[PDB]
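Here is the structure we will look at.
Side-chain atoms are counted along with the backbone in the values below, which use heavy atoms only and exclude waters and symmetry mates. Nothing fancy with the numbering, it's 1 onward along the sequence.
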Amino acid sequence: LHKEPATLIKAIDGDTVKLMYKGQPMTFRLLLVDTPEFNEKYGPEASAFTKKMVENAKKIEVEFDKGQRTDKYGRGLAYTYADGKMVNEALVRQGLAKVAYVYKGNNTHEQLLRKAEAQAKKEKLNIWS
Ligand SMILES: Cc1cn([C@H]2C[C@H](OP(=O)(O)O)[C@@H](COP(=O)(O)O)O2)c(=O)[nH]c1=O
Ligand SMILES: [Ca+2]
């Protein structure tokens with residue numbers, strides 16, 4: 001997999017963000033995770049967390065997996081990085097997302113995120129409290 005540049009346009013919620021990719025505005029849906037909706041428990045904390053992460057980054061990168069790069073809503077499907085730190089993994093490690101939506105071919109970082117979920121659950125963090 002390879003990291004590609006992108007620039008923040010706008011935080012959206014815990015697992016979507018608006019980024020400019022190859023000069024085009026795009027909504028990105030974070031691979032392999034599921035945050036609560038803003039209106040659900042830990043929803044606002046997940047949105048806040050992703051928002052701070054992406055707004056504070058001096059460098060945003062997106063990394064597509066081997067399978068589909070857009071979903072049925074035309075959202076990009078990527079692993080997204082804030083100054084070298086994966087947002088997808090960070091959310092899971094903090095217990096603000098579950099590993100989810102694991103589809104064959106777009107699952108390179110599955111066991112990295114499952115490892116993070118196991119540690120968040122061990123710590124009873126947030127969703128696992
Ligand atoms: C993460 C991800 C979501 N999706 C689609 C599946 C779900 O379909 P449905 O909308 O029919 O439930 C939806 C969940 O995204 P949200 O969690 O953003 O709602 O997005 C993909 O198709 N591929 C993916 O990799
Ligand atoms: Ca969600």
Side-chain angles (χ1 to χ4, degrees):
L1 302 195
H2 71 276
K3 281 161 208 204
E4 289 179 65
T7 55
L8 183 56
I9 292 166
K10 188 71 104 89
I12 298 158
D13 75 346
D15 59 23
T16 64
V17 61
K18 197 58 150 209
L19 308 177
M20 196 192 281
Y21 171 65
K22 290 209 217 71
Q24 310 303 328
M26 232 162 125
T27 294
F28 280 83
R29 178 61 166 75
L30 296 185
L31 287 168
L32 297 187
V33 305
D34 192 38
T35 62
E37 297 298 320
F38 182 90
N39 77 289
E40 298 163 338
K41 184 167 182 141
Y42 303 113
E45 287 74 17
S47 307
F49 183 94
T50 294
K51 175 200 163 69
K52 171 167 163 156
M53 202 164 171
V54 293
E55 278 176 359
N56 286 4
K58 67 158 182 55
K59 183 165 94 175
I60 296 314
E61 285 169 297
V62 292
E63 186 186 59
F64 296 99
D65 207 321
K66 272 125 191 292
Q68 92 169 178
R69 307 206 161 185
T70 58
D71 70 11
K72 67 184 183 185
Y73 304 106
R75 303 180 298 187
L77 309 168
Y79 308 107
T80 303
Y81 294 81
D83 291 329
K85 178 94 166 298
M86 203 206 300
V87 177
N88 313 55
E89 186 194 11
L91 282 158
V92 175
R93 178 64 183 85
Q94 296 309 298
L96 288 174
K98 284 176 206 207
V99 176
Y101 290 111
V102 185
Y103 297 98
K104 188 59 203 82
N106 266 353
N107 71 332
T108 299
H109 295 313
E110 180 182 13
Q111 324 284 9
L112 183 81
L113 277 50
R114 288 197 188 284
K115 177 65 171 287
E117 191 182 78
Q119 254 287 114
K121 197 178 319 209
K122 223 291 188 271
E123 291 160 18
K124 237 82 98 183
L125 282 182
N126 286 318
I127 287 171
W128 311 110
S129 65

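By the 4.5 Å heavy-atom criterion applied to side chains, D15 and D34 are counted as neighbours. When side chains are defined from C-beta on, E123 counts as touching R93, because their heavy atoms get closer than 4.5 Å. In this structure, the side chains of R29 and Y101 come closer than 4.5 Å at one or more pairs of heavy atoms. When side chains are defined from C-beta on, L113 does not count as touching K98, because their heavy atoms never get closer than 4.5 Å. Annotation: side chain of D65 is in contact with side chain of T108 (closest heavy-atom distance under 4.5 Å).
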**OP:** Evaluate side chain to side chain contact (heavy atoms under 4.5 Å, CB included) for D13 paired with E37, printing each intermediate quantity in order.
**Re:** CA-CA 8 Å; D13 75 346; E37 297 298 320; 4.0 Å; yes

Subject >> Full working for side chain to side chain contact (heavy atoms under 4.5 Å, CB included) between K85 and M53 >> reply: CA-CA 9 Å; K85 178 94 166 298; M53 202 164 171; 3.3 Å; yes

Original post:
Checking side chain to side chain contact (heavy atoms under 4.5 Å, CB included) for the pair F28/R75: CA distance, chi angles, key distance, verdict?
Top reply: CA-CA 5 Å; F28 280 83; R75 303 180 298 187; over 6 Å; no

Subject >> Verdict with supporting geometry, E55 and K51, salt bridge (charged side-chain N to carboxylate O under 4.0 Å, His left out) >> reply: CA-CA 6 Å; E55 278 176 359; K51 175 200 163 69; 2.9 Å; yes

**OP:** Take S129 and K124, measure what side-chain hydrogen bond (donor to acceptor under 3.5 Å, both in side chains) needs, and give me the verdict at the end.
**Re:** CA-CA 4 Å; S129 65; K124 237 82 98 183; over 6 Å; no

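Taking OG1 of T27 as the reference point, atom NZ of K18 lies at 2.5 Å (rounded to 0.5 Å). With rounding to the nearest 0.5 Å, the separation of CD1 in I60 from CD1 in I9 is 12.0 Å. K66 contributes atom NZ, which lies 9.5 Å from atom NZ of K104 (distance to the nearest 0.5 angstrom). Considering CD of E63 and CD of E61, their distance stands at 8.5 Å, rounded to 0.5 Å. Atoms NZ and NZ, from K59 and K3 in turn, are 7.5 Å apart once rounded to the nearest 0.5 Å.
Hydrophobic cluster membership differs between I127 and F38, with clusters built from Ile, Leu, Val, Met, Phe, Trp and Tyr side chains linked at under 4.5 angstrom. A single hydrophobic cluster is seen to contain both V62 and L1, as judged by linkage of ILVMFWY side chains at heavy-atom distances under 4.5 Å, directly or through other members. Grouping the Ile, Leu, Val, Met, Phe, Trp and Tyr side chains by contacts below 4.5 angstrom, directly or via other members, places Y103 apart from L30. Using a 4.5 Å cut-off between side-chain heavy atoms of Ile, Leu, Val, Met, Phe, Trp and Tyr, with links allowed through other members, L112 and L96 fall into the same hydrophobic cluster. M26 and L19 fall within a single hydrophobic cluster, where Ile, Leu, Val, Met, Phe, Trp and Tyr side chains are chained together by heavy-atom contacts under 4.5 Å.
Between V54 and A11, the closest heavy-atom pair is CG2-CB, 4.4 Å. Residues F49 and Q94 come closest through the heavy atom pair CE1-CG, 3.7 Å. Contact detail for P44 and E40: the closest heavy-atom pair is CD-O, 3.4 Å. Considering all non-hydrogen atoms of both residues, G95 and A120 come closest at N-CB, 3.7 Å.
Between the side chain of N88 and the main chain of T80, a donor-acceptor pair closer than 3.5 Å is present. Here the side chain of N107 pairs no donor or acceptor atom with the backbone of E110 at under 3.5 angstrom. Proximity of a side-chain donor or acceptor of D83 to a complementary backbone N or O of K58 within less than 3.5 Å is detected. Judged purely by atom type and a 3.5 angstrom limit, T16 has no side-chain atom pairing as donor or acceptor with the backbone of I12. Between the side chain of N106 and the backbone N or O of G67, at least one donor-acceptor pair lies under 3.5 Å. Looking at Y42, its side chain does come within 3.5 Å of a backbone N or O of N126 through a donor-acceptor pair.
Under the ring-ring contact (aromatic ring centres under 6.0 Å, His included) criterion, the residue pairs touching residues 52-100 are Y21-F64, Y79-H109, with sequence neighbours excluded.
When each of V99, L32, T35 is checked for a side chain to side chain contact (heavy atoms under 4.5 Å, CB included) with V92, only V99 meets the rule.
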